[PDB]
Each structure stands twice: as C-alpha cells, then as structure tokens.
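Okay, so here's just one chain, in structure tokens, the form deposited in one PDB entry.
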C-alpha cells in the first residue's frame, strides 16, 4: 500500500520572510552572485568535513572525495549543485544561516582550537538566499553521518517545508536543486556557468566539475 511520508511545515522568521519577499519582488542586476554564494556554502561545507577528519578520520566512510559538481538540466529547467561536504543535520537545516544570527557560531569556538580557519558561513542570513535571484523554488537534500537524509524546500511565501528524504541517498554531502525562473534560462548554458565560476569562484581550494548534457 501507500506510505505516509512524514512532513513538517515551518515559517520563515519575520525579517527573513520580508527579505525573501524583497528578493523576489525586486529586480536586481548582478543576479550572477547566486552561484558564488552557493559555491561558498559547498566549499565551507567541505571545510567542515576537512576539519572533522583530522580529529575523526572515520567520518570518511560515507565519502572521502571533496569536490563540487554542477549538474544543469536544460529539459527540467533545474540547476543542481552537489557537494560531498559535511552535509547538514536536522539542526543545521532548521538553524540555518538566517535563523541563527548575532548569536555566535558555537562550533566555531572549538573548531578554531582544532586548527580550523574562518570558512563556515553558518549565521549570515544572506548568502544562501541568493538562490531566489534566479530560482523560483529551491530544494536542498542533505545527509550528515550523524543524522538522516532530509529534504528542505520552499517557494517563499513566508513558509518552508522539511521532510525525511525517501529519495536517492547521496551517501554524504549536499544537493541543492534550483528551479530557475522562465526568464533565467541563460544559466542553463555550460558557457554561462563557466563565465560565472571562473570569475567568482576562481579561488576555490576544491575541484569543480560541470556535467554538460
């Protein structure tokens, strides 16, 4: 018979929701920043796992490769960004960069002592939301070794849903699926992608691969 997947609906915090409204209902010229910020999330996520392995190498069972993969789908009108980073936990998903702000990143304190550098955008509620400059809806599927695989999703409107993901398991890392707006079909070209990544993501200490259909 059918299975009833568990679902949970939350609302964006007041100022975040208004920011979401601002982004979508206002025209911006330099929309291309979306890729730079999203790549930063992936690299920072890779830095998280990078530092995990020095103190606990067994976290690499779910994957040792550290890279960013771009998968454009010209037929679906979707741009998929996948990384093999630390992945996100149910806590990190809901307490994302935006909900927790001006509170101070707790992990950063102990991470600093472990020898970690400042490369963890987990508080600044601005970078991640750049996805809505090009996409109408973004879904983020992630799994962290210490947690299950979850799917976060929202079409703005002040609300967002989270659910346990029964789909394809990535092992470890982050999968962000951007549903680009109809007027944003330019970012489905392999050339346009390279244009942005070379320019904005040139100083990435990890391999970047674009899968061109």
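Residue numbers count along the first chain shown, from 1.
The form deposited with a small molecule bound exists for this protein as well; it is not shown, and the discussion that follows is about that form.
- Remark: residue 156 does not count among the residues lining the small molecule in the bound PDB entry, judged by a heavy atom distance of 4.5 Å or less.
- Taking the partner from elsewhere, residue 88 is found to have a heavy atom lying within 4.5 Å of the small molecule in the bound PDB entry.
- Mapping the unseen interface onto this chain, residue 152 counts among the residues with a heavy atom inside 4.5 Å of the small molecule in the bound PDB entry.
- Of the heavy atoms in residue 135, none are within 4.5 Å of the small molecule in the bound PDB entry.
- Contact with the small molecule in the bound PDB entry, defined as any heavy atom within 4.5 Å, is confined among 163-171, 179-187, 59-67, 34-42 to 34-42.
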